[PDB]
Amino acid sequence: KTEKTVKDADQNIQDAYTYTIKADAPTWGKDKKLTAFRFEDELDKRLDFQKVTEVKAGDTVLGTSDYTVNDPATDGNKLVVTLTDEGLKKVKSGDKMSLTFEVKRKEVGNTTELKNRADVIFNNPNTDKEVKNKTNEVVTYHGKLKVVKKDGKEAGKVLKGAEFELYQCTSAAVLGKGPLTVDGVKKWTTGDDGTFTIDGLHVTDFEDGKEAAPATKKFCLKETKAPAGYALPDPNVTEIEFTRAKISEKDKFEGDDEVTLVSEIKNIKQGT
Ligand SMILES: [Ca+2]
């Protein structure tokens, strides 16, 4: 069957991840040859194609002379991987074709979901007819994380200058991997409105194209520096339940839209 898979677990915005397209080549006798075979994939506009990592015909790993790659940036983000005449010679009747390529998601954009589907288009050597087989659709979800720094007492007082790191964690008491780099940044500071937004993070409840198995996967914000005149909170680690359903909630805080999770973190004035 014609199948698409995505390997994206824990890959945030601007982290490389991969798609794989698998399809059966047609069958043909010794008196014929495969005259055309290509993969096509309309990449979501939020993706930046990086490179093809592998093209295989059965167990044969193809080389760059065996296929051509277009430039998705100049073809409306459509990727086309076409077997050359040398590449078509390496294809055996009924071979399982495979294409793996790498992308980066540039931003969350207007939906947490980012879908992908592909087509395999070839000439059937038995009839010389063009055949087009579409894959299933796979989905990758990312959301924005907005942090709003406030004074624990004085309601409505937002605080500039608070500094934070981000970690993977099982809980706020047990930090995992980090400080994480997200789109070249590994430390964020609250601005004049007491906020910053991390655009963006991989959701925890869905990964590699399917629902995640029940697990205690979370993100944690570590406040490393409090605003001037404020004591560093204890605890200074805030855990975030960064799921599709939690992100989708809206109008609970300023800037709380369906693609952003808003986390309000309190600080007590130095000397209480
Ligand atoms: Ca929201």
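A few remarks follow.
- Structure note, pairs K217/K246; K149/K222; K22/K51: Cα-Cα distances above 19 angstrom do not occur.
- Footprinting exposure proxy for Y141, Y17 (fewest neighbouring C-beta atoms within 10 Å first): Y17, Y141
- Fewest-first ranking of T84, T224, using other Cβ atoms within 10 Å as the exposure measure: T224, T84
- Candidate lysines - alpha carbon under 16 Å from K250, same-chain residues fewer than 8 apart omitted: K144, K146
- Estimated from the Cβ-Cβ distance and a Förster radius of 25 angstrom, the FRET efficiency linking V69 and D10 is about 0.40.
- Structure note, pairs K7/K266; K104/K134; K33/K132: Cα-Cα distances above 29 angstrom occur for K7/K266.
- Eligible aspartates and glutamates near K153 by straight Cα distance, threshold 15 Å, same-chain separation 8 or greater: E264
- Region 205-256 shape via C-alpha gyration tensor axes, a/c threshold 1.5: oblate
- As a ratio to 2.2 N^0.38 Å, the alpha-carbon radius of gyration computed for region 145-272 takes the value 1.06.
- Distribution of pairwise C-alpha distances over the chain, 10 Å bins, in %: 7, 26, 25, 17, 12, 8, 4, 1, 0
- Using θ = phi - 60° and Karplus 6.51 cos²θ - 1.76 cosθ + 1.60, couplings along region 56-65 (whole Hz; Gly, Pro as x): 10, 10, x, 9, 6, 8, 6, x, 5, 7
- The distance between label points at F253 and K157 comes to 1.9 nm (points 7 Å beyond Cα on the Cα→Cβ vector).
- Placing a label point 7 Å from the Cα of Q50 along the Cα-to-Cβ direction, the residues of region 187-201 whose backbone N falls under 19 Å from that point are 199-201.
Read-outs throughout are calculated quantities, based only on the coordinates presented, and are distinct from any laboratory measurement. FYI the Cβ positions are ideal-geometry reconstructions off the backbone, even for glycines, and counts take in every protein chain you see.
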